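Quick notes on the structure that follows.
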Amino acid sequence: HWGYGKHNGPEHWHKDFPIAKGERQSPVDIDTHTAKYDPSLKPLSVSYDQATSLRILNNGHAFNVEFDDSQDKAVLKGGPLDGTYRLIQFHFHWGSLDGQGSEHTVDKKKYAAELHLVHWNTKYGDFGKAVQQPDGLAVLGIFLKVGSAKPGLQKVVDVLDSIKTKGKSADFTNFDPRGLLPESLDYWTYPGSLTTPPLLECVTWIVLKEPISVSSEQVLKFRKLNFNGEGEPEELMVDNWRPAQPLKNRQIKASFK
Ligand SMILES: COc1ccc(C(=O)C(O)(O)C(F)(F)F)cc1
Ligand SMILES: [Zn+2]
């Protein structure tokens with residue numbers, strides 16, 4: 001099926017998913033001098049105090065930390081958003097090398113990885129209905145650079161051994177996603193899509209200006225994961241990122257000057 005390899009990667013997706021060539025595809029390059037400061041954007045409201053993590057899953061192209069989204073426990077509000085978006089999961093995209101890995105780029109700069117905290121619009125009842133709507137998802141994107149370790153990431157790092165291959169999951173309770181945030185919530189925002197198939201154009205992207213730092217040791221443990229299932233030939237889970245797509249008729253807005 002689809003993947004990130006030579007023969008099934010981003011340049012092939014349009015054959016099964018024609019929206020790959022659509023008008024609001026993600027990710028994009030964030031040109032910081034062309035993005036417009038909008039003083040009518042509110043501050044982001046990240047309310048994760050009551051978040052309930054449940055499990056961590058290797059789904060064959062990332063690892064997802066999944067949350068209980070049956071109540072308003074961990075919600076995103078404010079910023080460019082109308083209404084309330086519930087946290088369902090977060091995951092990362094990363095490279096085979098420190099100089100690549102992020103999906104979004106900032107003046108063509110690639111970060112070593114990118115964190116996606118995925119939220120769905122409560123007005124649509126559940127995630128599956130939300131992805132069918134132009135304003136169904138809000139994804140908080142956070143760049144990772146390599147330097148100092150991120151203490152709040154280490155618990156994630158230490159469980160990756162137990163979900164090395166596709167389809168493996170592990171209990172993963174009492175994880176606080178607030179430990180993955182930078183100090184500043186300054187952000188860029190633009191309307192976009194899922195960055196993996198089905199590539200639905202359902203996402204309000206909110207990309208934080210300030211990266212978090214992770215250690216070389218932490219990112220190396222991401223790269224020990226496998227795209228394949230157990231007992232299948234070992235293909236390291238690396239470079240699970242889609243390149244920047246054409247901006248077309250879209251304007252990136254900044255919450256800061
Ligand atoms: C079906 O479940 C997912 C579908 C698509 C995605 C993505 O394409 C994404 O990782 O870009 C994001 F969620 F950030 F939009 C993630 C989960
Ligand atoms: Zn993602």
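Each chain in the structure tokens gets a letter, A, B, ..., in the order shown, and its residues are numbered from 1; ligands are numbered from 1 in order too.
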Can you list every residue in region 110-184 of chain A that DSSP puts in strand (DSSP E), as a PyMOL selection string?
chain A and resi 113-121+137-146+169-171
Taking only C-alpha atoms and all ligand atoms into account, which residues are within 12 Å of ligand 2, as a VMD selection string? chain A and resid 26 to 27 61 to 65 89 to 94 101 to 104 113 to 119 138 to 143 193 to 197 199 203 205 207 240 to 242
Residues near residue 112 (chain A), cut-off 7 Å, only C-alpha atoms, skip fewer than 6 positions along chain, as a ChimeraX atom specification: /A:94-95,98-102,144-146
Selection from above, N, CA and C atoms, as a compact mmCIF listing (two decimals), in the first residue's frame, can you write it?
# COMPACT_ATOMS: atom_id res chain seq x y z
N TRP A 94 9.95 12.20 11.41
CA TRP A 94 11.36 12.45 11.65
C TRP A 94 12.19 11.92 10.50
N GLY A 95 13.47 12.29 10.51
CA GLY A 95 14.37 12.00 9.41
C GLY A 95 15.33 10.88 9.74
N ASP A 98 19.79 14.35 11.18
CA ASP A 98 19.29 15.52 11.92
C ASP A 98 18.89 16.67 11.01
N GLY A 99 19.43 16.76 9.79
CA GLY A 99 19.08 17.91 8.98
C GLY A 99 17.82 17.76 8.14
N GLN A 100 17.01 16.74 8.40
CA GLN A 100 15.73 16.61 7.72
C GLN A 100 14.79 15.84 8.64
N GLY A 101 13.51 15.85 8.31
CA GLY A 101 12.57 15.18 9.17
C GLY A 101 11.26 15.90 9.37
N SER A 102 11.29 17.23 9.47
CA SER A 102 10.04 17.96 9.60
C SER A 102 9.28 17.96 8.28
N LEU A 144 11.08 20.05 16.23
CA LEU A 144 12.13 19.55 17.10
C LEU A 144 13.49 19.82 16.47
N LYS A 145 14.39 20.42 17.25
CA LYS A 145 15.79 20.51 16.90
C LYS A 145 16.62 19.68 17.87
N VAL A 146 17.81 19.27 17.42
CA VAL A 146 18.68 18.44 18.24
C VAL A 146 19.60 19.34 19.06
Near-region 166-181 of chain A list (6 Å; only C-alpha atoms; drop same-chain fewer than 6 positions) as JSON, numbers by chain: {"A": [53, 54, 55, 56, 57, 58, 59, 60, 152, 227, 228, 229]}
Could you write out that same residue set with N, CA, C and O atoms as a PDB file, in the first residue's frame?
ATOM      1  N   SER A  53      -3.998  10.055  28.679  1.00  0.00           N
ATOM      2  CA  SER A  53      -3.369   9.179  27.699  1.00  0.00           C
ATOM      3  C   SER A  53      -3.744   7.730  27.996  1.00  0.00           C
ATOM      4  O   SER A  53      -3.962   7.345  29.146  1.00  0.00           O
ATOM      5  N   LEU A  54      -3.834   6.923  26.945  1.00  0.00           N
ATOM      6  CA  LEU A  54      -4.237   5.531  27.110  1.00  0.00           C
ATOM      7  C   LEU A  54      -3.212   4.531  26.613  1.00  0.00           C
ATOM      8  O   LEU A  54      -2.985   3.507  27.258  1.00  0.00           O
ATOM      9  N   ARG A  55      -2.708   4.781  25.416  1.00  0.00           N
ATOM     10  CA  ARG A  55      -1.872   3.757  24.785  1.00  0.00           C
ATOM     11  C   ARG A  55      -0.940   4.366  23.749  1.00  0.00           C
ATOM     12  O   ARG A  55      -1.172   5.487  23.315  1.00  0.00           O
ATOM     13  N   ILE A  56       0.088   3.618  23.418  1.00  0.00           N
ATOM     14  CA  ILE A  56       0.995   4.029  22.355  1.00  0.00           C
ATOM     15  C   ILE A  56       1.036   2.911  21.324  1.00  0.00           C
ATOM     16  O   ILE A  56       1.120   1.730  21.685  1.00  0.00           O
ATOM     17  N   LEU A  57       0.943   3.279  20.044  1.00  0.00           N
ATOM     18  CA  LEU A  57       0.769   2.321  18.956  1.00  0.00           C
ATOM     19  C   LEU A  57       1.771   2.610  17.852  1.00  0.00           C
ATOM     20  O   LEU A  57       1.910   3.765  17.435  1.00  0.00           O
ATOM     21  N   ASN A  58       2.453   1.569  17.374  1.00  0.00           N
ATOM     22  CA  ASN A  58       3.187   1.624  16.109  1.00  0.00           C
ATOM     23  C   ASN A  58       2.213   1.220  15.006  1.00  0.00           C
ATOM     24  O   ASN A  58       1.825   0.052  14.914  1.00  0.00           O
ATOM     25  N   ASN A  59       1.808   2.181  14.178  1.00  0.00           N
ATOM     26  CA  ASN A  59       0.820   1.910  13.136  1.00  0.00           C
ATOM     27  C   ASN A  59       1.470   1.642  11.778  1.00  0.00           C
ATOM     28  O   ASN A  59       0.780   1.660  10.751  1.00  0.00           O
ATOM     29  N   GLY A  60       2.784   1.412  11.750  1.00  0.00           N
ATOM     30  CA  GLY A  60       3.488   1.130  10.522  1.00  0.00           C
ATOM     31  C   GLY A  60       4.060   2.336   9.806  1.00  0.00           C
ATOM     32  O   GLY A  60       4.792   2.164   8.825  1.00  0.00           O
ATOM     33  N   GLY A 152      10.329  15.908  29.272  1.00  0.00           N
ATOM     34  CA  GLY A 152       8.970  15.409  29.128  1.00  0.00           C
ATOM     35  C   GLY A 152       8.762  14.450  27.969  1.00  0.00           C
ATOM     36  O   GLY A 152       7.657  13.910  27.834  1.00  0.00           O
ATOM     37  N   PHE A 227       9.086   0.091  10.122  1.00  0.00           N
ATOM     38  CA  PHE A 227       7.839   0.268   9.345  1.00  0.00           C
ATOM     39  C   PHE A 227       7.166  -1.096   9.204  1.00  0.00           C
ATOM     40  O   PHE A 227       5.943  -1.169   9.095  1.00  0.00           O
ATOM     41  N   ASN A 228       7.974  -2.145   9.223  1.00  0.00           N
ATOM     42  CA  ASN A 228       7.464  -3.514   8.986  1.00  0.00           C
ATOM     43  C   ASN A 228       6.918  -4.172  10.240  1.00  0.00           C
ATOM     44  O   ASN A 228       7.198  -3.688  11.345  1.00  0.00           O
ATOM     45  N   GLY A 229       6.135  -5.229  10.044  1.00  0.00           N
ATOM     46  CA  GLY A 229       5.710  -6.037  11.165  1.00  0.00           C
ATOM     47  C   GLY A 229       6.776  -7.026  11.602  1.00  0.00           C
ATOM     48  O   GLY A 229       7.745  -7.308  10.895  1.00  0.00           O
TER      49      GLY A 229
END
Using only C-alpha atoms and all ligand atoms, the residue out of A:132, A:154, A:255, A:52 with shortest distance to ligand 1 is A:132
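If you measure from each of A:253, A:123, A:6, A:223 to residue 161 (chain A) using only C-alpha atoms, the closest one turns out to be A:223.
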Exercise for review: Output as a ChimeraX atom specification all residues of region 19-161 of chain A that backbone DSSP marks as alpha helix (DSSP H).
Suggested key: /A:127-130,154-159
| request: For residue 42 (chain A), work out the shell of residues within 10 Å, counting only C-alpha atoms and skipping chain neighbours fewer than 5 positions away, then give it as a VMD selection string. | output: chain A and resid 77 to 81 255
Preceding selection exported with N, CA, C and O atoms as a PDB file, in the first residue's frame:
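Result file is selection.pdb:
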ATOM      1  N   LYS A  77      -8.475  25.517  21.880  1.00  0.00           N
ATOM      2  CA  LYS A  77      -9.453  26.562  21.625  1.00  0.00           C
ATOM      3  C   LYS A  77      -8.696  27.835  21.286  1.00  0.00           C
ATOM      4  O   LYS A  77      -7.476  27.917  21.440  1.00  0.00           O
ATOM      5  N   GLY A  78      -9.438  28.842  20.844  1.00  0.00           N
ATOM      6  CA  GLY A  78      -8.831  30.140  20.639  1.00  0.00           C
ATOM      7  C   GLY A  78      -8.011  30.141  19.368  1.00  0.00           C
ATOM      8  O   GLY A  78      -8.226  29.327  18.462  1.00  0.00           O
ATOM      9  N   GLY A  79      -7.050  31.062  19.302  1.00  0.00           N
ATOM     10  CA  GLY A  79      -6.280  31.239  18.092  1.00  0.00           C
ATOM     11  C   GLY A  79      -7.178  31.553  16.913  1.00  0.00           C
ATOM     12  O   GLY A  79      -8.050  32.422  16.991  1.00  0.00           O
ATOM     13  N   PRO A  80      -7.001  30.836  15.798  1.00  0.00           N
ATOM     14  CA  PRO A  80      -7.897  31.017  14.651  1.00  0.00           C
ATOM     15  C   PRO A  80      -9.175  30.207  14.746  1.00  0.00           C
ATOM     16  O   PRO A  80      -9.995  30.258  13.822  1.00  0.00           O
ATOM     17  N   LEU A  81      -9.364  29.466  15.832  1.00  0.00           N
ATOM     18  CA  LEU A  81     -10.375  28.423  15.897  1.00  0.00           C
ATOM     19  C   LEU A  81     -11.693  28.973  16.439  1.00  0.00           C
ATOM     20  O   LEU A  81     -11.709  29.829  17.331  1.00  0.00           O
ATOM     21  N   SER A 255       0.599  35.055  14.441  1.00  0.00           N
ATOM     22  CA  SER A 255      -0.004  35.619  15.645  1.00  0.00           C
ATOM     23  C   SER A 255       0.900  36.634  16.309  1.00  0.00           C
ATOM     24  O   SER A 255       0.539  37.170  17.357  1.00  0.00           O
TER      25      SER A 255
END
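Proximity of A:204, A:122, A:251, A:8 to residue 134 (chain A), computed with only C-alpha atoms, is greatest for A:204.
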